[PDB]
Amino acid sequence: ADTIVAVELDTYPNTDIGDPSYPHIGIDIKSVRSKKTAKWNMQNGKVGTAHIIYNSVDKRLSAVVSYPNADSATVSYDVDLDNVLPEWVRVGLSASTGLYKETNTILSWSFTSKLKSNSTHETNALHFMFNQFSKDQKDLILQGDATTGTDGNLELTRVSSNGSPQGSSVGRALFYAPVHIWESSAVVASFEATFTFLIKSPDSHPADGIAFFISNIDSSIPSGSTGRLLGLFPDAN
């Protein structure tokens, strides 16, 4: 059903479905079994930053994850997204917890998309930036357990009053307007996404992760996609 391309920040090693034995970042092209991963030194309770970049000339989707005063993790994959996704997509953030849990908090999110035509001085662009939310964030579609406005933050999975992360929770937030990622006359198409997140768990093995994704416009949370399937995939294939 849904066409998903995602960059995941996966905190729990489900080695049975192909994860490496550590926290890792990965690029998922239509399956939870990442096409490419890298070890990520996840820091419990610290704000991190993820940068995702792509352009139609190189056809390389790359991601860099960093924490203050630390070395970065980075992963890249050669993929032409014109052959994977529809030309109109929606972009969003998704997260889950399963038996083990964590808060999946989003403190800011920006995205830029550009289509540069072969006509002179002809650029089509979309850009949004959220450094603060609203309880009534009318330009986000919130799905599952995601809520906005808690300390001006976006909470992708259920967090109870006392600040505790809840298990078996899944939530997603997608920007309202469709995003145009191809047009026939375009010489270069590019996008850039950045988000900062706070993953805090009282456990020694937090789970499950955060993912930035791009899907077909009508995408909704697949049934049973809590825990390891990150709110993105119906199964582990």
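In this text, the rigid core denotes the largest set of C-alpha atoms whose superposition between the two forms falls within 1.5 Å. Throughout, we count residues from 1 along the sequence that is shown.
K.L.:
Please work out whether 98 to 106 or 81 to 89 has the higher root mean square C-alpha deviation in 8 other deposited structures of this protein relative to the shown form, with the rigid core as fitting region?
P.N.:
When 98 to 106 and 81 to 89 are compared in 8 other deposited structures of this protein, 98 to 106 lies farther out.
K.L.:
Between 42 to 50 and 203 to 211, which one strays more from this form in 8 other deposited structures of this protein if you match the rigid core and compare Cα atoms?
P.N.:
The stretch that sits farther from the shown form in 8 other deposited structures of this protein is 203 to 211.
K.L.:
For the stretches 58 to 66 and 188 to 196, which has the higher mean C-alpha B-factor as given in the deposited record?
P.N.:
Looking at the recorded C-alpha B-factors, 58 to 66 comes out higher on average.
K.L.:
Comparing 121 to 129 with 153 to 161, which stretch shows the greater average C-alpha B-factor in the deposited entry?
P.N.:
Taking the mean B-factor of the alpha carbons in each, 153 to 161 is higher.
K.L.:
Which one of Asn83, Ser108, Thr147, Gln166 shows the biggest C-alpha B-factor in the PDB entry?
P.N.:
The C-alpha B-factor peaks, among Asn83, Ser108, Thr147, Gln166, at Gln166.
K.L.:
Per the PDB entry, which option out of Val89, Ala95, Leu99, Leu115 has the greatest Cα B factor?
P.N.:
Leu99 has the highest C-alpha B-factor of those listed.
K.L.:
Ranking the modelled residues of this chain by C-alpha B-factor as given in the entry, is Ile25 in the lowest, middle or highest third?
P.N.:
As the PDB entry reports it, the C-alpha B-factor of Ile25 lands in the middle third of its chain.
K.L.:
What third of the chain does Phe212 rank in for C-alpha temperature factor, lowest, middle or highest?
P.N.:
CA B-factor rank for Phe212: lowest third.
K.L.:
Comparing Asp78 with the other modelled residues of its chain, is its CA B-factor in the lowest, middle or highest third?
P.N.:
Within its chain, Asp78 is a middle-third residue by C-alpha B-factor, going by the deposited values.
K.L.:
Give the position of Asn104 by CA B-factor within its chain, expressed as the lowest, middle or highest third.
P.N.:
It falls in the bottom third of the chain.
K.L.:
Lowest, middle or highest third: where is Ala1 by C-alpha B factor in its chain?
P.N.:
Highest third.
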